[PDB]
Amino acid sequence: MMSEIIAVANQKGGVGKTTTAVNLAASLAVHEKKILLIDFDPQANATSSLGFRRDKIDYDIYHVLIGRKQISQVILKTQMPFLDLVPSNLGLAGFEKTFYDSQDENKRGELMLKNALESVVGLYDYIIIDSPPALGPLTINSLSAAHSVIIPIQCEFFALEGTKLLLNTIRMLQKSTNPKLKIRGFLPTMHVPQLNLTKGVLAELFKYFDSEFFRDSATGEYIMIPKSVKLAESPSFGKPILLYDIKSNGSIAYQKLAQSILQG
């Protein structure tokens, strides 16, 4: 039993991290794999998108990072039996201060998530972490605990530099804390293929990263999440799109992403 830990990360906000994390988790569960999703963002969209309103949540991931609880007590089960969730809440916005308090004394604070996870890394196939928007303490925790990193990219101008900064952050940690950190793939999100800016931004990214881009093993096609109002309406129903609408282009793209992850 070993779980692969995959962080979905991008300092930039609004690029599809939470949409990807939730729907990739559900898409991997349908292939009868056991999935643990970790909302690592204080606003807690992944939690809300699975129907847990964060008025209702009592104990957070934050409580676990404090040692105030063990991760086994915070886990919640979802409408899908093979998808459980460690929820979030705005209390985790305290973690930033704790991080620096850690830096004050201890050479410790980068691995508060890795240590919180050790309890369960052997009871799931995949642990998917939904990261917040920055290269701050929460995202560094996220990347320091992960085997693999999924980078969802919206194909507009700021994605260019945005990636650069992100990758340098990974490679410093590849020499730092987490030498095993791997990029599992780039994933274009909200993808509108006919727009000129999209064609140019993807061309410029391909020039350096074509190797990194997610592909369909059967056909070798790129896998990209189309822009689809169905995927934006999904959180309004507390469900991932494969329960909410299984043949939408958005849902099909996320299930192809699951299979490609499933090759290796």
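For every residue, the number given is its place in the sequence shown, counted from 1.
On average the C-alpha atoms of 107-115 have higher B-factors than those of the other stretch, with 107-115 and 159-167 being the two compared. Relative to its counterpart among 96-104 and 75-83, 96-104 has the higher mean temperature factor, C-alpha atoms as listed in the PDB entry.
Of the candidates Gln154, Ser131, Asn141, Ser148, the one whose C-alpha carries the top B factor in the deposited record is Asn141. Within the selection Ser236, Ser228, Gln43, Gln70, the deposited Cα B-factor values reach their highest point at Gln70. Ranked against the other modelled residues of its chain, the C-alpha B-factor of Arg184 as given in the entry falls in the middle third. In the PDB entry, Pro137 places in the highest third of its chain by CA B-factor.
Ranked by Cα temperature factor within the chain, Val15 sits in the highest third according to the deposited record. In this PDB entry, the Cα temperature factor of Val121 sits in the middle third of its chain's modelled residues.
Ranked within its chain, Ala25 lands in the lowest third, by CA B factor from the PDB record.
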